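Notes follow the structure.
Basis: the model, the stated rules and, where named, an outside source; nothing here is a laboratory result. Cβ placement follows ideal geometry from the backbone for every residue including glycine, while neighbour counts extend to all protein chains displayed.
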Amino acid sequence: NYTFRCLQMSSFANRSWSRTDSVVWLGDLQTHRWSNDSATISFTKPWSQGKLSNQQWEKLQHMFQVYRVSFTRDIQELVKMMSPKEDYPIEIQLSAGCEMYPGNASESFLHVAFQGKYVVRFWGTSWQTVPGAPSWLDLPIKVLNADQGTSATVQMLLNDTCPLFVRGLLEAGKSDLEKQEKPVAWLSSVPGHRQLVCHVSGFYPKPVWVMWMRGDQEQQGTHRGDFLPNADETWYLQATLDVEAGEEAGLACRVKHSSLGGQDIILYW
Amino acid sequence: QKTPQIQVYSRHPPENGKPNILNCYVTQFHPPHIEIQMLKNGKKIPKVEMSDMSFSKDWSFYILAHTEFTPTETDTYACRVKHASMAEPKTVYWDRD
Amino acid sequence: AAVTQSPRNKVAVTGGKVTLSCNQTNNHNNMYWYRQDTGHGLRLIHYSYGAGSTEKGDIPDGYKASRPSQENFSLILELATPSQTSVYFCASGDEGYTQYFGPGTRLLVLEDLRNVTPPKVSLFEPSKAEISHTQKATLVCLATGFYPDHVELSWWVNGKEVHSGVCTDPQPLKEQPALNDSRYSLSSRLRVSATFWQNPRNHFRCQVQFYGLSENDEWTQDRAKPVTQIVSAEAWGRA
Amino acid sequence: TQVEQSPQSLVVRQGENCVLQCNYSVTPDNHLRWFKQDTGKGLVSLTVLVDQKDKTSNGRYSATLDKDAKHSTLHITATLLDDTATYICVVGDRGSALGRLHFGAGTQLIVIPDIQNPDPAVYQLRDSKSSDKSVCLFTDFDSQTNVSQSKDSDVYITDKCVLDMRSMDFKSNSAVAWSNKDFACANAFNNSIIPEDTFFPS
Ligand SMILES: CCCCCCCCCCCC(=O)N[C@@H](CO[C@H]1O[C@H](CO)[C@H](O)[C@H](O)[C@H]1O)[C@H](O)[C@H](O)CCCC(=O)NCCCCCCc1ccccc1
Ligand SMILES: *[C@@H]1O[C@H](CO[C@@H]2O[C@@H](C)[C@@H](O)[C@@H](O)[C@@H]2O)[C@@H](O[C@@H]2O[C@H](CO)[C@@H](O)[C@H](O)[C@H]2NC(C)=O)[C@H](O)[C@H]1NC(C)=O
Ligand SMILES: CCCCCCCCCCCCCCCC(=O)O
Ligand SMILES: *[C@@H]1O[C@H](CO)[C@@H](O)[C@H](O)[C@H]1NC(C)=O
Ligand SMILES: *[C@@H]1O[C@H](CO)[C@@H](O)[C@H](O)[C@H]1NC(C)=O
Ligand code: NA
Ligand code: NA
Ligand code: NA
Ligand code: NA
Ligand code: NA
């Protein structure tokens, strides 16, 4: 059950300077990069072309190449239209793609944010504002909805091209997506009140279980941290436990994960 | 404007003398212009690699800096971040423990 | 969806202030000013997305724009030059791609106004020979001695303009081609049936609308001020 | 430039067809419009093509667009005198008011009228107020006759010009000659190759 995300970030600093940068994710693996400095979209995995032929990919890349130049000029012109209401610097973010389900089911989305706030989406056959959006956006929405050629292209991208492409992606990248890499654990301590820390690192995929333990008894003062990434697309996590100094004897950190195949990791203090 | 979280951590278990990778994960910042340096004993490490910038469901940005390091008894490693949201540059030292 | 321009034709001097105006009663947010020159397509000078907004086009230099209301968009030339001699078109539209054009404004910018002169107009009546050889009567109008060449010649029968049966020289001819600021002549013809010309209750009139100085332009010379005016010549039918 | 039109100009006889070409490099290409512009007048829209491969018609005008080739043709069937005009190709790069229009420089068409029943003559016309001044009207010649300018510089001769008595379906060419300074209508068009059958009344 995987989500395909195209994440676009655009900065317009003043009327004559801007950049647009994109990265694309399938679940938590990066499949594409598109730096402002590059004419073309970059594959970050061998399978990032999916099951599209070289000619189909060219046509798709070309549509995006036209989009990027056009988006840039359109924002610049919409700014002029609303002036002096709204002004540079401006940050625009797009989150788009499709969430794949079993059978031939999917939901596609195109969400737009302006200065960090979600304000606009494509829905059905048109651009619309969402709850909490300021009223001045109704004029930009009205203008973008005037463009019938863009509406038909976007609808096709959302309804057809995304799910088709993502189905092909999943086939071509099955083995990279289903890989198992093993966690490695280690222990440490910081500041009579100690904090004990169980470090776990190098595990893929993301789901994992980490608890502090006395033999067969889960110490439910354990505070699990956030999942932090490593460069090689594996994960890092730490679970902390508070204790009285001297009382650290007999505590262990137990780590369960799908790559271990039953044989859990236990490290005793 | 939002003040970035910074988390410093090693890829492998740290052993004095052994080569390793040090990571700096900067999150929850807005806008996305940012300067990240990793420091050895206060001096800028030369060939620091960077992941492509992305953002989370809540629209806040994140980015992973990393570099090769060999930890020692005496050497201190840190991550220094400059961002419009903060008056002063924030430094976070690698904790070892 | 109609768009009006004023003035429709203008003669100005170097250094003078010229203001071209555009009116539009459709409640369109957006307006656009272009110039047309031989060997180029129309080129965008300035545009506007609403009252109080003006934006630079592709060739904005030498022009200031102004959008005081939703209805009016003005193109201002503060220090007019000969290179701004052109046909200026205005346009408006809503959020869609269609731009609805005005009828155009012709601007001539001269170095000096000293040779500006209105036409004499003469109406030449049909030939008795022509009438009996063809059963048709051709009037000829002759505008002469005018400078610059910015004139609109029209025919009027019983107070109403006629276009059927008319042709006017596509360009005026120079009276003294050797000279620098030669005056111009222009001819035109109106051909009607002999019975129509023979009816003495039909009143025929050739009218030349001349564009020259306005009431504000300086005038130093001893002759009458060669202002924008109409000169016309006239005749009744006869058996 | 981004919009090129071909040919630059052409002369065709009434009732003939002609084809007008427009090629462009504009990107993107949302729509392509053809305008007609009579001399000194405004921009009249003829057709607007919007699809990848498109065809339109509007009476005697028909047109095509191929977005892959970036090419449009305008066809005019059975040309009339009133098609004498400049034809302008315009490409719009958006489907909204965010667009810019990219204008071509235009193709000039001249349609030569069909004169059915020629009857070349030269008449004298007298001024309405001052009866002693006059002009010479060379009229009713067909379109294979050229009117040359005068040998004498103090004599004035206009170029030919065709009028249409719209209610009687009748067309006639004419030129006018005049001079103060010796000058009579028999001698007025001497520097032109005029027909032998030309009527000189008196
Ligand atoms: C991760 C995101 C990835 C998915 C991205 C999918 C998009 C692919 C579209 C492909 C079609 C496209 O390129 N449209 C472009 C080119 O279209 C022209 O060319 C086309 C032919 O190629 C058609 O002929 C069109 O009819 C014609 O107009 C348009 O120029 C389009 O308008 C580009 C931008 C669309 C867009 O992103 N809108 C987001 C809404 C932003 C709201 C801004 C709010 C605001 C307001 C005021 C001030 C500040 C901010
Ligand atoms: C594409 O699909 C939409 C309906 O699906 C929703 O909108 C998509 C763009 C995407 O966000 C999906 O995940 C959504 O579930 C169609 O929109 C409907 O169009 C009909 C008639 O055209 C109209 O009566 C409905 O109101 C629209 N539905 C909604 C929910 O707004 C759209 O027509 C599809 N277009 C194509 C070309 O396939
Ligand atoms: C409408 C976008 C989602 C459907 C697109 C399916 C094709 C995915 C190919 C990945 C390229 C990512 C391009 C990023 C474009 C951008 O945001 O600038
Ligand atoms: C626009 O912004 C950039 C980046 O902040 C800056 O370096 C540049 O000087 C600015 N340009 C103008 C014209 O203000
Ligand atoms: C981004 O790309 C465009 C086109 O490639 C370029 O003109 C622009 O200068 C780039 N912006 C920056 C900030 O590099
Ligand atoms: Na944003
Ligand atoms: Na021009
Ligand atoms: Na009259
Ligand atoms: Na052409
Ligand atoms: Na005759």
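When C:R114 is tested against (1) touching a strand residue (DSSP E or B) at 6+ places or on another chain (Cβ under 9 Å); (2) farther than 30 Å from A:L144 by Cα, exactly one condition is not met: (1). When the range D:22-54 is examined, which residues are found to be polar (S, T, N, Q) and within 16 Å of ligand 7 (Cβ to nearest atom)? D:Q37, the sole residue that qualifies.
A Cβ distance below 7 Å, combined with a sequence gap of six or more or placement on separate chains, defines the contacts here; from the range B:7-20, residues that are within 10 Å of B:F69 (Cα to Cα) reach residues that are charged (D, E, K, R) and surrounded by 17 or more Cβ atoms within 10 Å (Cβ to Cβ) in the pairs B:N20/B:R11. Can you tell me how many residues in the range A:1-48 are more than 19 Å from the chain's Cα centre (by Cα), crowded, with 18+ Cβ neighbours inside 10 Å and within 25 Å of A:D176 (Cα to Cα)? Matching residues across the range A:1-48 total 0.
Of all residues in the range A:1-31 being among the polar types (S, T, N, Q) and not in a strand (DSSP E or B), which is nearest to ligand 10 (Cβ to nearest atom)? Reasoning before the result, please.
First pass over the range A:1-31, keeping only residues among the polar types (S, T, N, Q): A:1, A:3, A:8, A:10-11, A:14, A:16, A:18, A:20, A:22, A:30-31.
Filter once more, so that each one left must be not in a strand (DSSP E or B): A:1, A:16.
Details: A:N1: 92, A:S16: 68 Å.
For the range A:1-31, the residue satisfying everything is A:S16.
Within the range A:79-115, the residues that satisfy the criterion of being surrounded by 14 or more Cβ atoms within 10 Å (Cβ to Cβ), among the acidic types (D, E) and either within 14 Å of ligand 6 (Cβ to nearest atom) or within 14 Å of chain C (Cβ to nearest Cβ) (or both) are A:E86, A:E91.
Only one of A:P163, A:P207 is in contact with a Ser or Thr (Cβ under 8 Å, 6 or more places away or on another chain), loosely packed, with under 12 Cβ neighbours inside 10 Å and either assigned by CATH to the domain that holds A:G97 or not in a helix (DSSP H, G or I) (or both); which?
Values: A:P163 fails: loosely packed, with under 12 Cβ neighbours inside 10 Å.
Going through A:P163, A:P207 in turn, the sole match is A:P207.
With the structure loaded, tell me whether D:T39 is at the interface with chain C (Cβ under 8 Å from one of its Cβ atoms), more than 16 Å from ligand 8 (Cβ to nearest atom) and exposed (fewer than 15 other Cβ atoms within 10 Å of the Cβ) or whether it fails that test. It would help to see each step written out before you state the result.
Working: at the interface with chain C (Cβ under 8 Å from one of its Cβ atoms): yes; more than 16 Å from ligand 8 (Cβ to nearest atom): yes; exposed (fewer than 15 other Cβ atoms within 10 Å of the Cβ): yes.
The answer is yes for D:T39.
Counting residues in the range D:18-36 that are of a type in the set (V, I, T), within 24 Å of the chain's Cα centre (by Cα) and in a strand (DSSP E or B) gives one or more. Residues in the range C:1-19 that are of a type in the set (A, V, I, L, M, F, W, C) and either more than 22 Å from D:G40 (Cα to Cα) or in a strand (DSSP E or B) (or both): C:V3, C:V11, C:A12, C:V13, C:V18. Here A:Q263 meets each of (1) farther than 30 Å from B:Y62 by Cβ; (2) touching a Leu at 6+ places or on another chain (Cβ under 7 Å); (3) polar (S, T, N, Q) with one exception, condition (2). Of all residues in the range C:2-42, those satisfying the criterion of being farther than 19 Å from D:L98 by Cβ and within 16 Å of ligand 7 (Cβ to nearest atom) are C:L20, C:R35, C:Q36, C:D37, C:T38, C:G39, C:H40, C:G41.
Counting only strands (runs of 3 or more DSSP E) that sit wholly inside the range C:81-167, those with at least 1 residues that are touching a helix residue (DSSP H, G or I) at 6+ places or on another chain (Cβ under 7 Å) and within 8 Å of another protein chain (Cβ to nearest Cβ) are C:136-146. If the condition is being in contact with a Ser or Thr (Cβ under 7 Å, 6 or more places away or on another chain) and more than 7 Å from chain C (Cβ to nearest Cβ), then the range D:139-151 contributes D:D140, D:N146, D:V147, D:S148.
For the range D:14-36, how many residues meet the condition of being within 12 Å of another protein chain (Cβ to nearest Cβ) and either on the phi > 0 side of the Ramachandran plot or not hydrophobic (A, V, I, L, M, F, W, C) (or both)? The qualifying residues number 7.
When you scan the range A:33-40, do you find a residue that is within 13 Å of ligand 5 (Cβ to nearest atom), part of a strand (DSSP E or B) and within 12 Å of another protein chain (Cβ to nearest Cβ), even just one? Before the answer, list the steps.
Taking the range A:33-40 and keeping what is within 13 Å of ligand 5 (Cβ to nearest atom), we get A:34-40.
This time we only want the ones that are part of a strand (DSSP E or B), so: A:34.
Retained after the next criterion (residues that are within 12 Å of another protein chain (Cβ to nearest Cβ)): A:34.
Taking every residue of the range A:33-40 in turn, at least one turns out to be within 13 Å of ligand 5 (Cβ to nearest atom), part of a strand (DSSP E or B) and within 12 Å of another protein chain (Cβ to nearest Cβ).
Assuming A:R19 fulfils every condition listed in (1) within 16 Å of ligand 6 (Cβ to nearest atom); (2) basic (K, R); (3) more than 30 Å from C:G50 (Cα to Cα) apart from one, which condition is it? Looking at each condition in turn, A:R19 falls short on (3). Those strands (runs of 3 or more DSSP E) of the range B:14-97 in which at least 3 residues are facing chain A (nearest Cβ under 10 Å), considering only elements entirely within it, cover B:20-29, B:61-69. Looking at the range D:51-63, can you tell me whether even one residue there is within 12 Å of chain C (Cβ to nearest Cβ) and farther than 12 Å from D:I88 by Cα? No - not one qualifying residue is present in the range D:51-63. The listed residues are A:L144, A:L158, and the only one of them that is farther than 22 Å from B:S60 by Cα and facing another protein chain (nearest Cβ under 9 Å) turns out to be A:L144. Within the range C:134-174, how many residues are buried (at least 17 other Cβ atoms within 10 Å of the Cβ) and under 17 Å from D:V135 (Cα atoms)? Residues meeting the conditions: 13. Would the range C:209-228 turn up any residue that is at the interface with chain D (Cβ under 9 Å from one of its Cβ atoms) and more than 25 Å from C:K17 (Cβ to Cβ)? No, that holds for no residue. In the range A:1-19, which residue that is closer than 16 Å to A:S48 by Cα and in contact with a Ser or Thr (Cβ under 7 Å, 6 or more places away or on another chain) is nearest to ligand 3 (Cβ to nearest atom)? Per the stated criteria, the residue is A:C6. Scanning the range A:49-66 for residues that are under 18 Å from A:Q8 (Cα atoms) and either of a type in the set (A, V, I, L, M) or exposed (fewer than 13 other Cβ atoms within 10 Å of the Cβ) (or both) turns up A:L60, A:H62, A:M63, A:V66.
Out of curiosity, is C:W219 among the aromatic types (F, W, Y) and within 27 Å of D:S131 (Cα to Cα)?
Values: among the aromatic types (F, W, Y): yes; within 27 Å of D:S131 (Cα to Cα): no.
Considered against the rule, which asks whether it is among the aromatic types (F, W, Y) and within 27 Å of D:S131 (Cα to Cα), C:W219 comes out as no.
Within 13 Å of another protein chain (Cβ to nearest Cβ), over 17 Å from C:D169 (Cα atoms) and loosely packed, with under 12 Cβ neighbours inside 10 Å: is that true of D:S167 in this structure? For D:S167, the condition - within 13 Å of another protein chain (Cβ to nearest Cβ), over 17 Å from C:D169 (Cα atoms) and loosely packed, with under 12 Cβ neighbours inside 10 Å - is met.
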